[PDB]
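In this text, residue positions in the sequence shown follow our numbering: the first is 25, and each later residue adds one.
These notes concern the structure reproduced below.
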Amino acid sequence: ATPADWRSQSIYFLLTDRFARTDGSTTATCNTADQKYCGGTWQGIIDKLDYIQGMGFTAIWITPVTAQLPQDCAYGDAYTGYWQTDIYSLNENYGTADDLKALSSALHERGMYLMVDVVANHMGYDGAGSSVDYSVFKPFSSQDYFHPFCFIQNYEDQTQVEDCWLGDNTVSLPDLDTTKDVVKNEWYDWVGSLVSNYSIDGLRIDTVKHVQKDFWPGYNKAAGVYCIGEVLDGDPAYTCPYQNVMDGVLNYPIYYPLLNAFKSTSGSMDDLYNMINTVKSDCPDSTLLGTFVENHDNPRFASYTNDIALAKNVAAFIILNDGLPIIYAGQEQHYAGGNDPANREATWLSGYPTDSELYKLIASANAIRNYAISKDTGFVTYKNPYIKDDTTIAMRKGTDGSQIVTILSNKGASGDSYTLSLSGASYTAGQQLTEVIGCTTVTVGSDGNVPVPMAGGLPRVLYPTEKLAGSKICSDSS
Ligand SMILES: [Ca+2]
């Protein structure tokens with residue numbers, strides 16, 4: 025497992041307790057509002073995962089791993105189960121050490137890959153630094169591995185964020201990094217073996233940005249297998265660049281505007297076409313960039329506009345565009361969610377309406393992506409081209425051998441029968457291009473100005489229809 029394969033794999037974000045559960049549990053008590061562990065065994069994947077496959081995605085992205093603390097801290101618990109007040113044990117709320125390597129060893133055979141998201145920096149403690157414990161921190165026992173105490177402030181600076189304390193008295197994410205050999209070197213050794221057995225064939229960070237330049241590389245290398253630095257900031261020239269340090273980069277910046285212009289019918293697409301461009305070099309790519317949408321710490325896209333179209337075109341472009349297109353857990357069922365605590369949400373809180381709107385769009389469209397490569401790879405690199413940006417967007421992605429997919433997406437669930445001519449996408453005068461998912465034929469002959477026929481947001485991607493043999497895809501029947 026490692027960097028050049030990864031690039032291509034659709035990403036699927038989960039929790040577990042909330043998701044996983046051999047029990048099915050259609051009615052299981054667990055309303056974020058009250059937080060606290062919802063008895064939901066990780067193992068649930070071997071019975072589960074049919075949820076991911078139907079969609080097109082090849083990766084399993086789920087939460088950090090250990091045992092934080094046992095005592096519903098006012099807040100209501102760490103179930104989000106990012107923290108580390110033990111790192112070296114391996115919980116039980118989930119269910120039984122061994123089983124994990126087993127869940128993986130299992131699927132690993134079955135299909136897809138393994139993404140383990142880590143928060144390395146903070147060791148999470150109930151209490152205020154002056155009330156600091158130190159004894160609850162294995163691999164630690166002393167304070168020394170941790171840091172001094174000051175509230176991260178003067179944000180803009182970047183001469184504190186990377187060392188100082190991260191949090192609010194109510195909880196103090198204890199800062200480790202004495203600045204020198206110790207911490208890094210240390211935590212370096214750890215991961216790479218944690219990796220050894222249990223799975224760990226792709227990894228990620230919750231604490232990128234504020235780390236200190238150097239730690240990212242050291243760790244990225246401590247354990248081979250591809251990495252994803254997660255933290256935020258979304259602003260091409262800093263969020264990107266670190267692509268070199270690490271491996272995979274959060275497309276933090278990509279999302280922001282996609283959110284910005286998406287939602288509001290007239291929204292403001294130019295900000296993007298200019299955007300798509302900034303990254304495309306500014307970031308050392310190799311296609312090593314990450315596409316979220318909703319975002320755990322964020323309110324599931326839906327918090328805004330309550331319409332499929334605005335949703336579909338987004339999710340599609342995300343996936344369809346440059347970077348890992350990560351469909352976050354609950355995206356599908358159209359779970360509005362909340363800025364926080366109410367972002368979690370047992371994807372299973374229902375018996376799998378496995379054929380709802382989002383499921384269908386995901387399945388049929390994601391497939392095409394993977395498919396294209398299989399017969400002819402190289403769609404990876406292909407710098408996802410801006411070709412044209414009007415009131416609505418259309419871009420070009422792929423190789424030679426009439427091996428070309430061109431995507432044009434518009435906004436408004438209100439809809440209004442929309443028929444245009446795709447500008448670039450430069451094809452062969454007479455060439456036939458299928459609609460995608462739902463199907464529909466696009467004629468690119470006459471002048472060389474491809475007829476694009478829209479309804480509201482469906483999204484509309486024009487695939488060459490000559491490179492599909494006798495297979496699945498669109499309207500073959502198989
Ligand atoms: Ca730190």
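Ideal Cβ positions, reconstructed from N, Cα and C, are used throughout, including at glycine.
- Given a cut-off of 9 Å, decide if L138 and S220 are closer than it, judged by their beta-carbon atoms. no
- Message: Between residue 18 and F170, how many whole angstroms is the CB-CB distance? I'm expecting something under 8 Å.
- Response: Shown here, the chain extends from 25 to 502; a query on residue 18 therefore has no answer.
- Item | Close Cβ partners of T443 (< 8 Å) along its chain, the five nearest in sequence each way excluded | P475, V476, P477 and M478
- Task: Give a yes or no on whether the C-beta atoms belonging to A246 and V215 are separated by under 9 Å.
- Result: yes
- Task: Indicate the three-state DSSP secondary structure (helix, strand or coil) for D225 in the structure shown.
- Result: coil
- Task: Helix, strand or coil for residue 14, going by three-state DSSP, please let me know.
- Result: The structure shown does not extend to residue 14, since the chain spans only 25 to 502, so no value can be given for it.
- Item | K496, buried or exposed, once every other Cβ within 10 Å from all chains shown has been counted against 16 | exposed
- Report whether the distance from the Cβ of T231 to the nearest heavy atom of ligand 3 is below 8 Å. You won't find ligand 3 in this model; what it holds is ligand 1.
- Message: Could you tell me the alpha carbon to alpha carbon distance between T401 and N394, rounded to whole angstroms?
- Response: 9 Å
- Task: Tell whether a beta-carbon distance below 9 Å holds between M293 and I278.
- Result: no
- Query: Is the beta carbon of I417 less than 9 Å from the beta carbon of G448?
  - Reply: no
- Query: What do you reckon, are the CB atoms on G314 and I35 nearer than 9 Å?
  - Reply: yes
- Message: Report the CB separation of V143 from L114 in whole angstroms; it is logged as a contact under 8 Å.
- Response: The Cβ separation is near 16 Å, so there is no contact.
- Would you mind giving the Cβ-Cβ distance between residue 511 and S374, rounded to the nearest angstrom? I have them listed as a contact below 8 Å. Outside the modelled stretch of the chain, which goes from 25 to 502, sits residue 511, for which no answer is possible.
- Task: Taking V404 and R31 to be in contact with their CB atoms under 8 Å, please state how far apart those CB atoms are, rounded to whole angstroms.
- Result: 5 Å
- Task: Check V89 in the structure and name its three-state DSSP category.
- Result: coil
- Task: Please look up how many angstroms separate the CB atoms of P27 and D225, rounded, as I've assumed it's under 8 Å.
- Result: Not a contact, Cβ separation roughly 12 Å.
- Query: Looking at C-alpha atoms only, which residue of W189, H358, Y262 and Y280 is the closest neighbour of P172?
  - Reply: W189
- Message: How far does the alpha helix (DSSP H) with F37 in it extend, from its first residue to its last?
- Response: Note, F37: premise wrong, no alpha helix (DSSP H); beta strand (DSSP E) at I35 to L38.
- Task: Sort out for me which residues DSSP pairs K304 with in a bridge.
- Result: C307
- Taking 8 Å as the line, does the beta carbon of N145 fall inside it for any heavy atom of ligand 1? yes
- Message: ligand 1 and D257: does any heavy atom of the ligand fall closer than 8 Å to the residue's C-beta?
- Response: no
- Message: Let me check you understand the geometry: is the CB of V235 closer than 8 Å to at least one non-hydrogen atom of ligand 1?
- Response: yes
- Message: Along the chain, where does the alpha helix (DSSP H) containing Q77 start, and where does it finish?
- Response: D74 to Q77
- Separation of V232 from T263, as counted between CA atoms: 10 Å
- Message: For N408 and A493, what's the separation of their Cα atoms in angstroms?
- Response: 25 Å
- Task: Flag this pair as yes or no: are the beta carbons of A396 and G422 separated by less than 9 Å?
- Result: yes
- Query: Hey, how far is the Cα of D440 from the Cα of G480?
  - Reply: 6 Å
- the stretch 56-68 contacting the stretch 423-435, beta-carbon criterion three pairs below 8 Å: no
- Relative to the alpha-carbon of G191, which residue among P260, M147 and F325 has its alpha-carbon at the smallest distance? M147
- Item | Beta-bridge partners of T430, as assigned by DSSP | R420 and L486
- Quick one: Cα of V317 to Cα of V303, how far? 17 Å
- Item | Alpha carbon of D414 to alpha carbon of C251, nearest angstrom | 36 Å
- Query: Are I342 and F81 touching if we call contact CB-CB under 9 Å?
  - Reply: no
- Length at least 4, wholly inside the stretch 297-363: the alpha helix (DSSP H) runs in chain order: 332-344
- 6 Å Cβ shell around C97 - same chain, five flanking residues per side excluded: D150
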